[PDB]
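Those sequence lines, one after another, are chains A and Z.
The numbers in the numbering used here rise by one with no breaks, and the one at position 17 of the first sequence is 17.
The numbers in the numbering used here rise by one with no breaks, and the one at position 113 of the second sequence is 165.
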Amino acid sequence: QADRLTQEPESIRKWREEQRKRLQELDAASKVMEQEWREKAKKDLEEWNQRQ
Amino acid sequence: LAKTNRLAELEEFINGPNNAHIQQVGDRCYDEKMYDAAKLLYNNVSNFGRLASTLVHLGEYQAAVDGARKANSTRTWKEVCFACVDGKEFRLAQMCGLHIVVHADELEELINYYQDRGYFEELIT
């Protein structure tokens with residue numbers, strides 16, 4: 001090529017850092033979704049306890 | 053004269069009219085580019101796109117205040133500010149921006165000329 005590779009290698013890194021701007025959410029999701037829903041399981045659990 | 057030299061090449065570019073088919077002046081002048089007379093004559097003549105292309109350094113910031121002012125047929129532009137962003141960071145292609153744009157339906161030809169040569173920022177602004 002004669003102009004095809006100066007084109008992207010000063011504008012490709014957009015794709016690079018956005019994939020790492022990816023990351024997060026997903027992993028964040030379950031991590032936090034974990035400590036949460038379980039706190040829920042105790043929510044209902046203490047439900048049982050008092051009420052009885 | 054168009055092909056004379058350089059020395060008296062600025063003494064007659066001021067007194068060379070005398071009725072003719074100067075239809076070759078602009079053409080030959082366009083074929084033989086020296087920008088110092090494409091005004092002192094073009095301001096007594098006509099042929100513009102063939103002004104914003106032949107020679108570089110462009111006509112400088114000396115061809116816009118009298119260029120996109122009238123507006124012509126699309127093209128010669130897909131070249132100009134295209135060839136600008138990569139080279140000439142004087143930001144001479146933001147003036148020539150809204151400049152060459154001045155259109156009620158363009159902007160399609162305007163996107164293979166502001167990309168391939170690494171643009172953005174200046175484009176997103």
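Don't be surprised by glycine CBs; every beta carbon is placed ideally from N, CA and C.
Strand pairing of residue i, partner residues [DSSP]
i                     : result
residue 87 of chain Z : Answer by DSSP bridge pairing: none, since residue 87 of chain Z is not bridged.
Buried versus exposed call for residue i [16 or more other C-beta atoms within 10 Å across all chains shown]
i                      : result
residue 59 of chain Z  : exposed
residue 109 of chain Z : exposed
residue 73 of chain Z  : exposed
residue 103 of chain Z : buried
residue 48 of chain A  : exposed
residue 151 of chain Z : buried
Reduced DSSP category for residue i - H, G, I as helix; E, B as strand; rest coil
i                      : result
residue 149 of chain Z : helix
residue 113 of chain Z : strand
residue 42 of chain A  : helix
residue 161 of chain Z : helix
residue 81 of chain Z  : helix
Within-8 angstroms CB hit, residue i to chain Z
i                     : result
residue 58 of chain A : Outside the modelled stretch of chain A, which goes from 1 to 52, sits residue 58 of chain A, for which no answer is possible.
residue 3 of chain A  : yes
residue 10 of chain A : yes
Rounded Cβ spacing between residue i and residue j (contact assumed at less than 8 angstroms)
i                      : j                      : result
residue 81 of chain Z  : residue 54 of chain Z  : 6 angstroms
residue 174 of chain Z : residue 137 of chain Z : 7 angstroms
residue 65 of chain Z  : residue 92 of chain Z  : 5 angstroms
Chain A within 8 angstroms of residue i, Cβ atoms only
i                      : result
residue 68 of chain Z  : no
residue 78 of chain Z  : no
residue 134 of chain Z : no
residue 168 of chain Z : yes
residue 142 of chain Z : no
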